[PDB]
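Asks: quick one: initial chain(s) of a complex, as found there:
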Amino acid sequence: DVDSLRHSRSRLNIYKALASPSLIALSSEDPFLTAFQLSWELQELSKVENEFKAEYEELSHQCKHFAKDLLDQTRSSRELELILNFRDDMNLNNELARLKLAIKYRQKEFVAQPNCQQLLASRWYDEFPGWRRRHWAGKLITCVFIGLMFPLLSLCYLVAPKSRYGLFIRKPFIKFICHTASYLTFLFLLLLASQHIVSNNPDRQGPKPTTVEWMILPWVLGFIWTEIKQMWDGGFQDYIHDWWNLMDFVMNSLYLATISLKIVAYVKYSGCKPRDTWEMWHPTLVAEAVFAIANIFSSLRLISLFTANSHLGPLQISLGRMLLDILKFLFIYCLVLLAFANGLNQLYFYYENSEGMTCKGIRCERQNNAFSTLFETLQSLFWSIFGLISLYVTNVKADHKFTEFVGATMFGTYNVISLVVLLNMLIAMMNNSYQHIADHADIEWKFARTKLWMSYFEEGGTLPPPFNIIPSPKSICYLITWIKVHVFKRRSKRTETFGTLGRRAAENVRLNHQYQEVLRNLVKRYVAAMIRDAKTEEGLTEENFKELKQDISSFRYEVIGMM
């Protein structure tokens, strides 16, 4: 293509052609899948073009509305379950395959449909009807009961999930309650890991794990194993796509580093040393610091559960969807900080001033040598945005009053830029950002809530992390066979394991015909509700006036002619 606008216009015209609802009804033997792949195409191509991004995003949103409006035309729960439960067999049920596909395409306005959400809600509370008698304390007591009850409620499923109570945790909401209860017990053990009622002697290099640490360790392994399990099904494709997933990955890496540093301390520490005499950069200290940071991340990570609660849900979503703006603006803030740090170091480079300043640094009792090196200047310029820095850091141990004046002026310019210019700009930016992320704060929240629900729908990691590492009843029959993949036992899986006739197509064919009939009815209803609600419901333009005028005029002329 030597020219470019002809080709670009041709491509946009093509997409805008087969993105029309009317054409999808005629062609497109599978309108849902068509709209889905088409929205994906245009969303991923609105960045490749990047000059027509408005048009392509508009078209993708239009076909998303088409998918939602086509799902809307269902008239019976039977008609809905087939739509949500459908997928290509290819000889490979009812586990909401179409809905998971819709999640996979970021079709967030298709899963916010009312009756679809009703189906999911019904399938979430299967253990017990109602959940509408609940109130401020009615729901709390039944959830607190299970949150206390999860140990043996989990053990029952572990050993005897036949008929008594193993199916009671398999149910999704109970699984959620048990998981969040396990997380809360983890956090309780973490808070209690700092009390002196259990802590080991501080004056002991590389001590053996304390009993609380012994209890904590199975949670560490459980979280590591569940994150490896989650990785082994998304293949670092959606794994990185979830920012919560990145946060918990770094948390588990910090836990791994903590275990390694603790044990490598234990192999050679010999103990019996006061903490005030420990050499800097000792494995126990760094292990403790990493453990603390991991505690911070762990206690933060429960924010994700607030997507389930119908009150912190949208608020947490809006929190998430203006974090990008704060990152963009914080990059500029960091650039300005580096600039002023450069200058301030240039100025107070020579006044080293460490003859009597005991414990030199910004973080002293006197804030001395704040600008005497690049690191301390970076750090001092950070703290000044909070006011925790004082003046007289700009003073020097001499009568060089002009140097002090220009340094104070540079520091004041930095403060005016940050706390009066930049921070106010940040506020005025997120004000309009929130003003433009409230129109779809509900639909997007419901999409996130569905994403959280479907994680607990499947019969996968049904076991909370404390009772997850516990080996399966076999435990030596699945790991080995999956380990027999680099040898001849990889091919001994599709010859002797399967020897039957594979009698499934006759069910598959009837299922597909039933789904096709449902699609045919939905499409006919959508057409009959798009002609009668959009064609005859728009405005009256000048052209229609002209047509009516000319109809009258032709009438007059012909009746004149006939006499």
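Replies: Structure's in. What do you need? Residues are numbered from 1 along each chain as shown, chains lettered A, B, ... in the order given.

Asks: Against residue A:4, how distant is the residue nearest to residue A:315 when sequence neighbours are not counted?
Replies: Distances taken as CB to CB, 6 or more residues apart in numbering put residue A:306 closest to residue A:315, at 8.0 Å, once the chain neighbours are dropped. Any C-beta I mention is one placed from the backbone N, CA and C, and that applies to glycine too. Using CB to CB, to the nearest Å, residue A:306 is found at 48 Å from residue A:4.

Asks: Looking only at neighbour counts, state which of those two leads.
Replies: Taking neighbours as other CB atoms under 10 Å, residue A:306 and residue A:4 compare with residue A:306 leading, 15 against 8.

Asks: Return the residues in contact with residue A:531.
Replies: Residue A:531 sits next to no residue when contact means CB atoms under 8 Å, 6 or more residues apart in numbering.

Asks: Roughly how far does it sit from residue A:96?
Replies: Distance from residue A:531 to residue A:96, by CB to CB: 32 Å.

Asks: Check residue A:267 too.
Replies: Relative to residue A:96, and taking CB to CB, residue A:267 is found at 51 Å.

Asks: go ahead and place chain B:
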Amino acid sequence: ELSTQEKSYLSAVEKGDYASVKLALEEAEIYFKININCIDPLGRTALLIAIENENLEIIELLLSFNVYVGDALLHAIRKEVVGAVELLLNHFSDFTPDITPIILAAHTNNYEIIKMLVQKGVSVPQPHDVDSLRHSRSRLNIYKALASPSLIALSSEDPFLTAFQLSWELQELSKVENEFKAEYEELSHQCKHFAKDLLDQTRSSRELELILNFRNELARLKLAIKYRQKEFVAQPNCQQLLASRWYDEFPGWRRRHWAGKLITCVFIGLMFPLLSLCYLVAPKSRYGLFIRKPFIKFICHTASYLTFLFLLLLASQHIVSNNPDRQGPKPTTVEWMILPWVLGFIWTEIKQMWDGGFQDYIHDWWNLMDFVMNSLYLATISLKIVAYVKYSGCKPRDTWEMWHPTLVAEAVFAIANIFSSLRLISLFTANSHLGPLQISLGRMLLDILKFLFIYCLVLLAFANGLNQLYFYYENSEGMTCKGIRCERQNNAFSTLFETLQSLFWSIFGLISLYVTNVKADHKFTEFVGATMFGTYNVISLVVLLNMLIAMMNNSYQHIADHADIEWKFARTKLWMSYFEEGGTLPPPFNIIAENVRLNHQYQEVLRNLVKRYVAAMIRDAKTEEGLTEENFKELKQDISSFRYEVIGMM
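Replies: Once chain B is put in with the chains from before, the structure reads:
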């Protein structure tokens, strides 16, 4: 499924040729080579098209020729073509199976159609499965049908109560569906304006008095306050009645200027004792019936509050306080005079809780502070009398033991001082300038508790962290006052409760640095400790507060267009608490054919009142709505059916 012989016939209907269509029907019977009830390629029965173009001339022909009617009624009803309905009445589907002509006619809100069906005897199945969305749809299709203004005007003898009980149902049934919530506020807030729009038809103060004073005085308004009908009381001419009743004794109070309003209020404010004692002893004719006037009682009531606090201002002065060092001191003189108000407020509180049964008492976010306001006074009195027995030694306060009954008593009284001084804010609901501001300042208070939930939890996240690092450095041996509130900020991150403290005070920049230092050279431990501290301010101080500003700012906008109607509901709910002659005494002086004729007189008001609404609703919506293509396509068919007739006869 297409052909060619009827595509002219199907278009002969659409053009509107009476002659050609009549011939095609005639040839249909003899030579069955054409389907009378054909289907358009887009899908429209020959009758279904004549319905759309409102042609009664050819609807007659199709109806007279045994055409398949099908759901043509349901389609005519949706298109609100009145002329076609009489023809159809007197003789796979698009709509949901549960929809019936009366249910769908109420959806369109068309009086002419609705009145015509109800005479035929149609009935609306009143509200109360294995399948979910045939119930939730049908239930919403019922409620939206019987929440329609036009249907309520025909059935539902008492339109006001019907718009009241119903609006309660939808409001309390949105929270149970929780997913059709938007589709239900669309209905509850639709019938909340029906009440206001029917009450506006009143054309005299007489016809207004009957509405409110029906099942004495202001019978119905006491009820609409219960149903949170806040768009019904804010009606202006109704609010005019209240103000003319809230300034009852003395006329005017419009001529008085800025300073004129003030002299005559403070002057009553300084006569509150004598204006209450006169009612206390003899409310015969002189002044005991002056307090009974709603305004004056408010001023006396408000005056008492001010005076009450005034002692709280006095109770802390050294001139009236007792000796500093007195184990369980005897009550001081001002405290003794304080005591009547404490009992005064409790007595009216128990009276308030008696008429609400804790279900209406708990609803106000005021009585939740009023309760703790009083309940901390029992903890004030009980502690002092406990300190008055088995504790009297006149011992210097330095050596007093912690948790001593007086110290608990003094603090718990101090806290109750705040919960009382802040409680006069509710008296600002009356001031027209601080009224809308205060009510709109509390309508987004919830959107701050919802957000100090996160900051209460992020604060736990780092307190979990910084403790886990520093807790091996206690150092609470050398530096006296091993706490945070000291001159030299000792070991702020030492215990869990000290780090909950240390982090909280950091949001105000009150926690200096070097609290992150340690009494050693572990410059890594300090640094990571300082980093955790620093990144806490970034998340909270500059990112969480900023998203709190950016969130109330939006939340304010949704509560601004109704920041006035809400306020007059808060004011009326404050006025009406003084209208009734109940607790009509300030706290310190507090402890010391009968209805058949009325009914048939009130029924004649509603019958005119509703008739005054319908005749003033069609002139405002049925002849004032926008213009759409479906009307334009009618005029073409209106002329084509006329040119094909004038030419056809020549």
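
Asks: so, the nearest residue to residue A:315 revisited with chain B in the model?
Replies: residue B:450 (6.1 Å; CB to CB, 6 or more residues apart in numbering or on different chains).

Asks: burial count for that neighbour?
Replies: As a burial measure, residue B:450 scores 16 neighbours (other CB atoms under 10 Å in any protein chain shown).

Asks: And residue B:615, by the same measure?
Replies: So residue B:615, with other CB under 10 Å, has 11 neighbours.

Asks: again, but for residue B:611
Replies: For residue B:611, using other CB under 10 Å, the count is 12.

Asks: In terms of helices and strands, where is it?
Replies: Per DSSP states H and E, residue B:611 falls inside helix B:596-614.

Asks: Likewise for residue B:297?
Replies: Per DSSP H and E: helix B:294-315 holds residue B:297.

Asks: Return the set of buried residues in stretch A:323-341.
Replies: Neighbour counts over stretch A:323-341 (16 or more other CB atoms under 10 Å in any protein chain shown) mark A:325, A:326, A:329, A:330, A:333, A:337, A:340, A:341 as buried.

Asks: So which of the residues you listed reach chain B?
Replies: residue A:326 (CB under 8 Å from any CB of the partner chain).

Asks: include chain C as well:
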Amino acid sequence: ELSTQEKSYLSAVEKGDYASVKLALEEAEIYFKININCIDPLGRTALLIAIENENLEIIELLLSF
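Replies: If we add chain C to the chains shown above, we get the following:
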């Protein structure tokens, strides 16, 4: 509050049919079986319909009878 001999009369005013309406007002005098100034069920006077359709041709007729 309905009838039959007026519903065509009221429609004739609504349809603008000046031809039929003059007959009813001319046939009313001989046989008082039709209410000239009646009210339709929705509530609109016969003459008020002509006021509503801005049709001067029958307004002059109505006021004339």
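
Asks: so, the neighbour count of residue B:611 revisited with chain C in the model?
Replies: The local packing of residue B:611 (other CB under 10 Å) involves 13 other residues.

Asks: And for the one 3 residues further on?
Replies: Neighbouring residues of residue B:614 were enumerated by other CB under 10 Å; the total is 19.

Asks: For the stretch 1-150 of chain A, what lies in contact range of chain B?
Replies: Counting by CB under 8 Å from any CB, the residues of the stretch 1-150 of chain A near chain B are A:74-78, A:80, A:114-115, A:117-119, A:121-122, A:132.

Asks: can you tell me which residues contact residue B:395?
Replies: Shown in contact with residue B:395 (CB atoms under 8 Å, 6 or more residues apart in numbering or on different chains): B:325, B:327.

Asks: quick one: secondary structure of it?
Replies: Put simply, residue B:395 is coil when judged by DSSP: H, G, I helix; E, B strand; the rest coil.

Asks: how near is it to residue B:323?
Replies: Residue B:395 is 11 Å from residue B:323, by CB to CB.

Asks: follow-up on the earlier one: so is the helix holding residue B:611 next to chain C?
Replies: Yes: under the criterion of CB under 8 Å from any CB, helix B:596-614 makes contact with chain C via B:611, B:614.
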